[PDB]
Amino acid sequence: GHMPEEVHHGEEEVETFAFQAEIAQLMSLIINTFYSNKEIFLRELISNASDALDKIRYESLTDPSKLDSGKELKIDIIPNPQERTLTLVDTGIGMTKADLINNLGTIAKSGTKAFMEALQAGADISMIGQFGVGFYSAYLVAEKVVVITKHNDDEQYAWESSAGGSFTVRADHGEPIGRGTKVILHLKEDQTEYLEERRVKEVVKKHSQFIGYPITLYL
């Protein structure tokens, strides 16, 4: 053939953005600081999933066709010892691309700044959910976090950050999740206990025993 060259893709495939400084500061705090009960990261992620499931469960009352992307409201947890990943998948309402960028990169500024002020005044890490920013507690155990999300009104997107002050967002051309959010935790070397499922059960039973949706473990 010839050697055509595509000088210009139609649209930027991957976009990289900086966190608001206060979000980056909290992430650095979380990822570098000792905490005696890091298992609370799972409670915070399950709590976000439960809220997203509540959200779609409500809108299904007005519009039952919002469930055409999936009728089951559930949470699945998948440890992968060979990849050192722990994955949380929910069939909640999901996030549009705009809300993915805004919620994780920008408007968490107020909660993260108030939480750091509370920490300086004597609060501790386990209170992070009272400031609406419990998601960042993932970096207690993870060196890298991927968020895959699909909202009925938008396309499936992938967010990722290793807490170096920036994150990337891209169209996800991967396994389609239908609707909801998938959080993939790339675990730190010394936190692989959360790949053992005797441990994961322990943590769910301790912290999330009264979530109103089924939690299934895959191993």
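Rigid core here is just the name for the largest C-alpha set that superposes within 1.5 Å across the two forms. The numbering used is simple: start at 1 and walk along the sequence shown.
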Open item on the list: After superposing on the rigid core, which of 32-40 and 152-160 has its C-alpha atoms sitting farther from this form in 8 other deposited structures of this protein?
Closed with: 32-40
Task: Greater root mean square CA deviation, 97-105 compared with 137-145 in 8 other deposited structures of this protein, core aligned - done: 97-105
Task: 2-10 versus 208-216 - greater average Cα B-factor per the deposited record - done: 2-10
Open item on the list: Regarding 199-207 and 18-26, which shows the higher C-alpha temperature factor on average in the entry?
Closed with: 199-207
Open item on the list: Sorting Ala108, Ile148, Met95, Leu73 by Cα temperature factor from the record, which one lands on top?
Closed with: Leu73
Task: Member of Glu44, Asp51, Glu39, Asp63 with the greatest C-alpha B factor (per the PDB record) - done: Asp63
Open item on the list: Splitting the chain's C-alpha B-factors into thirds, which one does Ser137 fall into?
Closed with: lowest
TODO: Could you look up the Cα B-factor of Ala163 in the entry and say which third of the chain it sits in: lowest, middle or highest?
DONE: middle
Open item on the list: Using only modelled residues of the chain, where does the Cα B factor of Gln120 rank: lowest third, middle third or highest third?
Closed with: highest
Open item on the list: Based on the deposited C-alpha B factors for this chain, I'd like to know if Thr87 is in the lowest, middle or highest third.
Closed with: lowest
Open item on the list: Please say which third, lowest, middle or highest, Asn80 falls into when its CA temperature factor is compared across its chain.
Closed with: highest
